[PDB]
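Protein chains in written order, with PDB author numbering: chain AL6P, 4 to 184; chain AL3P, 4 to 342; chain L14P, 5 to 138; chain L13P, 8 to 147; chain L40E, 1 to 55. First up is the structure itself, then whatever we jot down about it.
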Amino acid sequence: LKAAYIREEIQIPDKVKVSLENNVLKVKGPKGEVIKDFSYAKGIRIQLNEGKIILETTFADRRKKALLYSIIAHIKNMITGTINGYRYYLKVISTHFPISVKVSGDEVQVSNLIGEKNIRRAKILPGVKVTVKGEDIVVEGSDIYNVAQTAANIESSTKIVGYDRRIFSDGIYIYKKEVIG
Amino acid sequence: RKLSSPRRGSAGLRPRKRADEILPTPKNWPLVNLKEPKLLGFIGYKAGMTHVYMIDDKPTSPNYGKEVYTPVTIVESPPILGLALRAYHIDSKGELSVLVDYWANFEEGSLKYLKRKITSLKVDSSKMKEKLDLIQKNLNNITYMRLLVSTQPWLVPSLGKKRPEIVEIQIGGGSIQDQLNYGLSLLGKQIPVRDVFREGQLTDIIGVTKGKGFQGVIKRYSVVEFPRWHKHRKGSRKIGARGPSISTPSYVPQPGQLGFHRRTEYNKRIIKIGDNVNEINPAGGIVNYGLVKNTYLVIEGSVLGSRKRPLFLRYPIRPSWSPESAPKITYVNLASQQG
Amino acid sequence: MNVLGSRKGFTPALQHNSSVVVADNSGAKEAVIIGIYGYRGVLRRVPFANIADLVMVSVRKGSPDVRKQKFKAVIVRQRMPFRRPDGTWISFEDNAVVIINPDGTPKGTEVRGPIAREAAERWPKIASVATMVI
Amino acid sequence: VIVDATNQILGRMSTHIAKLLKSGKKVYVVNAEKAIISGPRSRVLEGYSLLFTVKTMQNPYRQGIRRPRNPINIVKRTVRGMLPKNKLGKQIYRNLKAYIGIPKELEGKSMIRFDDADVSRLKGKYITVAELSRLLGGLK
Amino acid sequence: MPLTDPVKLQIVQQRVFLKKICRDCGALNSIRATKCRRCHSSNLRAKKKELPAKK
RNA sequence: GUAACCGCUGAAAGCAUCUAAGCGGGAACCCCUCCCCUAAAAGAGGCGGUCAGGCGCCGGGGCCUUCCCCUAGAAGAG
RNA sequence: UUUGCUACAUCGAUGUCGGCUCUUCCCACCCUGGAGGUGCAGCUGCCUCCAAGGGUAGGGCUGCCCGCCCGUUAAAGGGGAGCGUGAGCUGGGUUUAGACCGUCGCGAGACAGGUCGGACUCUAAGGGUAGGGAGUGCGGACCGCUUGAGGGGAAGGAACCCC
RNA sequence: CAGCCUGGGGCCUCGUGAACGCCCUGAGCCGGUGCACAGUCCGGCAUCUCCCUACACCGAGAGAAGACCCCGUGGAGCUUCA
RNA sequence: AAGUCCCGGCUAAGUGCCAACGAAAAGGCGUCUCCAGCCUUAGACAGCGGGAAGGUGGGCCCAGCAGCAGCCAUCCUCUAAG
């Protein structure tokens, strides 16, 4: 096929101001505000309506229409964080040695694993808050991508269990995400 | 059938040629490492060597806290007489040439030692004022700041020479403005090795190795004598083949000069900086050198180069371990190197 | 077996097909170095051995029941000049070994002549029946 | 005669240089690091990385030797290897100069662009020249 | 596996229903994906979990 | 900076989807830091100083050989 | 990579097996690195993929290659470069002339069956290569010090032990 | 698993004083083409000139109408039941 | 030596930029166009909760197989549903 003229709209929620210029988008919300660039949307024109988001394009291919909807999802996700908080959950299960984790500024450190004395670390993207209560790690923030990549960075660090041992289900693992608050 | 064999000789240093200045120079510098203005190397001379007795300082030594025996080299450390300050900056074409020099011995230094080798400045235009403030005008846009210093071998009868070498050292430290002032002070005076070094430091060595003359391939690249029968047949001290074809008669062991090279040395930790010549001088006058009569550097291991060569020293480029000071000693060999 | 992580090894001493005496009561008297455990070499370099090395030899002169047989031992005596860590130089008037059982203990029950200190740590079972140590 | 290569396609921008070369008039190029090559990062490096022999670098730019890795090295081989192989081809190559940024004494003179070399003529997936030396070995 | 996901049916949270692997390229794929992510061979077999109790 | 690959945000194709764009890691792999020869690099560099004084001339100033040796070596060189 | 055919090139010669030394390449990876699956409790396994940077021995029998085996090691990978290399070598195999032995022949003798000895030439015109030196230009003579395009690298690699 | 020293060569200097390879002086290297392995051809890479010494890797180096295989209604020799 | 010539469309590998010459079977919904067949506004697919069922878990041998231990049938309580 060939999508002739596909148009979609995004109703901007209240208590939000939106600024757009130079094909660079920034969204401000009570939870927070993040700037997300969209200079890479060749073949897509972006119209910032005073009360909504106007997205139009003419004669997109199979590639572009996936791209357009792909652009759409992030923007509302950009909106969603600015109103409702993103709360990933990381549950830790250990077999023989209890696991301890502490925060170091923009870096995370985990040790007391299955017997190795070394240190393990992961990187946290700026502007992202992550804390621990107990048996669980709370990852806060507005940007959805920022927490997940941060959350994933922990997941990579704790993966080291996987060499020549059948996996012992031991380490740091994702639990759930996105409480309404 | 074509068994495994490491390529013999050392392909790493081609070309192998003889240096063009008896006193080499470093081409990089280890980072300043978060500190204040001071120099990062020193000059000296290869006087001799002996063996010394110490308690091990390496906290992870298998020989920690015990007396073990180790050969040690002595380096007489005559005072250094600075000459000038050199300005390096990102010039046109984005390079790091010399912006300007800053010479001053008309204010102090009525010494013709320098005159023996350079027909240096007269008092007619000792107007470095417009030169010096040029640095001040060009302040904040400067990258590196070396130093012009000369040796004073005339204070060492061991080396029968009187025209000296003037060479360079780059200085790192705190802020740039500080460093220029730090250097400014050092001009026109004398500087001991203690002004740059302290015992228990690491130090790097770049210098000229013991020359040997034209050599044989057996010796140059440690190529192998052909087995038995060639000790009787057609010739013995040569490589058989010289490449699969004229497709690059290649980097293969071929004769040539060996020695007198610009080389390298890593991980050298000093032992003692003493000042009593009687504590170190061996029996009957040190071999081929004389009688050390200035401050000396007590360096273990081996140091490249022939006796009576100037040597230029340097802070560690990739130090293996951070050393503490004063690996205290227990014996010095004053026995004759002869006998 | 227990100390080789320290300065296990010194100046080159011996080679394959090198003949040494059997300094014990096992019944063997003369043996020839047949091989070297552990060591890995390069082109044409004959494999090495000195004091305190798992070494492999065979019986040349001794009791018939042990003649032409294979057994393991350790090197205890060498003629080589070499430098101890404290900077002394040790030598033995000849070259001797003591046959050891495959588990590690010496096969023999008696020791002949002095042994350098080093072997004792690498083979405490040798030190168990060691008489004098130098 | 001065030409800017900012936001220009090196291969495309190369061409009209050559006719100016064959003309017999001295030329210059400024801000050369601001040209681009179409293609993703992997290929464009790989399509250049294959030529490497060894690594280091120890002079001011002036040599022009068998392997280019300075920002204004790459422009030369691309402009040189596109010149007559006869004797004048060498001689015309003598009349070209390369630069990074803007030489001071050429600021107050005109510059021209080659419209055919505009980035707009290309779909996308391009990389700037200066980015290359970062991966190519140019500290600058 | 020690590999989790943002919100899916990952094993470590009190289960072992591992992912799917490719018989051809030797890599892993999604649970319900019908073909490999790399060679698309579609002859993908589930990773064995364990012998829980008996036959 | 990368291979294989492991991830994340994610549509196509509502879900799902590590990939399509988008984003992160990820090797004895390629490069930069190390050392070695480099101003015959043709863009062929920069910086310090001297080459005087006097009436082409006087004059001297520089350099080399010669001289004595060796840190060095076939001479050359240094 | 061998081995079968082809006779396009070489018969006024491109001197033939192996081995020695020495250089380099390639990847269909022997080990070392990375990742994974497993009928992976852990070790040991088995297998896939990426990865050619480095390493990949020492002996006995056999002239070899091949092959059998010894004791260690990470294993003791396989191939190319005119089955790499004789104006660098050994002549052990093999291509002569002397003989013996076995089969065949009345005979001259033949054998692809075995065994003893049997000559291994060259002062590098030119290039490559490795050093060391003079000059011109870069620019009047100089003295001195420096900037630092490219060039090469393995300048390290491996194992064992302590906890 | 190599090392040191000595004599004569080899180094240099005075005197004497040749021969070999020569279509050439124009020959650097790498892919390619072609008699299926170039110095000239094609395409790149470079490549300042002069001199001395060491190396024989190449110059499909030189030495010799190949000692082998076959042809010529070519020789010689030997033998016999031609 | 002359076209950075035009229209339309496709390719992301430097695939390719090759007449005489240089990659098979298979795999790919990776992508780009085209034939069938079947459901779709009497509400399509997908997606989201419930009813998602009962004599009966019928059952045969079978401790029990209470669809899914070895063969297999099979009616209404029923209706916008089993």
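Using N, Cα and C, we set each Cβ at its ideal position, and we do this for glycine too.
Rounded to a whole number of angstroms, what is the C-alpha to C-alpha distance between residue i and residue j?
i	j	result
residue 339 (chain AL3P)	residue 288 (chain AL3P)	8 Å
residue 8 (chain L13P)	residue 140 (chain AL3P)	34 Å
residue 108 (chain AL3P)	residue 118 (chain AL3P)	11 Å
residue 118 (chain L13P)	residue 183 (chain AL6P)	59 Å
residue 280 (chain AL3P)	residue 298 (chain AL3P)	8 Å
residue 169 (chain AL3P)	residue 43 (chain AL3P)	17 Å
residue 175 (chain AL3P)	residue 134 (chain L13P)	37 Å
residue 74 (chain AL6P)	residue 53 (chain AL6P)	19 Å
residue 183 (chain AL3P)	residue 61 (chain AL3P)	37 Å
residue 21 (chain AL3P)	residue 260 (chain AL3P)	8 Å
residue 22 (chain AL6P)	residue 28 (chain AL6P)	6 Å
residue 26 (chain AL3P)	residue 75 (chain AL3P)	23 Å
residue 185 (chain AL3P)	residue 304 (chain AL3P)	34 Å
residue 137 (chain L14P)	residue 94 (chain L14P)	12 Å
residue 96 (chain AL3P)	residue 5 (chain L40E)	53 Å
residue 388 (chain AL3P)	residue 320 (chain AL3P)	Summary: the structure shown does not reach residue 388 (chain AL3P), with chain AL3P confined to residues 4 through 342, and so no result is reported for it.
If you count every other CB in all the chains shown that lies within 10 Å of the CB of residue i, and 16 or more means buried, which is it?
i	result
residue 264 (chain AL3P)	buried
residue 46 (chain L40E)	exposed
residue 202 (chain AL3P)	buried
residue 21 (chain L13P)	buried
residue 131 (chain AL6P)	buried
residue 40 (chain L13P)	buried
residue 43 (chain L14P)	exposed
residue 89 (chain AL3P)	buried
residue 180 (chain AL3P)	exposed
residue 79 (chain AL3P)	buried
residue 60 (chain AL6P)	buried
residue 45 (chain AL6P)	exposed
Looking at C-alpha atoms only, which residue of the options is the closest neighbour of residue i?
i	options	result
residue 92 (chain AL6P)	179 (chain AL6P), 46 (chain AL6P), 4 (chain AL6P)	179 (chain AL6P)
residue 145 (chain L13P)	14 (chain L13P), 63 (chain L13P), 97 (chain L13P)	63 (chain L13P)
residue 77 (chain AL3P)	214 (chain AL3P), 322 (chain AL3P), 278 (chain AL3P)	278 (chain AL3P)
residue 50 (chain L40E)	177 (chain AL6P), 170 (chain AL6P), 174 (chain AL6P)	170 (chain AL6P)
residue 38 (chain AL6P)	122 (chain AL6P), 102 (chain AL6P), 82 (chain AL6P)	82 (chain AL6P)
residue 83 (chain AL3P)	74 (chain AL3P), 47 (chain AL3P), 105 (chain AL3P)	47 (chain AL3P)
residue 35 (chain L14P)	104 (chain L14P), 63 (chain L14P), 102 (chain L14P)	63 (chain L14P)
residue 225 (chain AL3P)	6 (chain AL3P), 14 (chain AL3P), 5 (chain AL3P), 7 (chain AL3P)	14 (chain AL3P)
residue 59 (chain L14P)	46 (chain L14P), 129 (chain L14P), 69 (chain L14P), 41 (chain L14P)	41 (chain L14P)
residue 120 (chain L14P)	48 (chain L14P), 27 (chain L14P), 96 (chain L14P)	96 (chain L14P)
Can you round the beta-carbon distance between residue i and residue j to whole angstroms, since I take them to be within the 8 Å contact cut?
i	j	result
residue 139 (chain AL6P)	residue 105 (chain AL6P)	No, residue 139 (chain AL6P) and residue 105 (chain AL6P) are not in contact; Cβ-Cβ is about 15 Å, not under 8 Å.
residue 65 (chain AL3P)	residue 10 (chain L14P)	6 Å
residue 58 (chain AL3P)	residue 331 (chain AL3P)	6 Å
residue 105 (chain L13P)	residue 79 (chain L13P)	4 Å
residue 211 (chain AL3P)	residue 242 (chain AL3P)	Between residue 242 (chain AL3P) and residue 211 (chain AL3P) the Cβ distance is about 28 Å, and since that is not below 8 Å, they are no contact.
residue 45 (chain AL3P)	residue 159 (chain AL3P)	Not quite, the Cβ-Cβ distance comes to about 15 Å (not below 8 Å), so this is no contact.
residue 50 (chain AL3P)	residue 292 (chain AL3P)	5 Å
residue 147 (chain AL3P)	residue 91 (chain AL3P)	4 Å
For a quick check, are the C-beta atoms of residue i and residue j less than 8 Å apart?
i	j	result
residue 112 (chain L14P)	residue 127 (chain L14P)	no
residue 78 (chain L14P)	residue 123 (chain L14P)	yes
residue 29 (chain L40E)	residue 39 (chain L40E)	no
residue 49 (chain AL6P)	residue 25 (chain AL6P)	no
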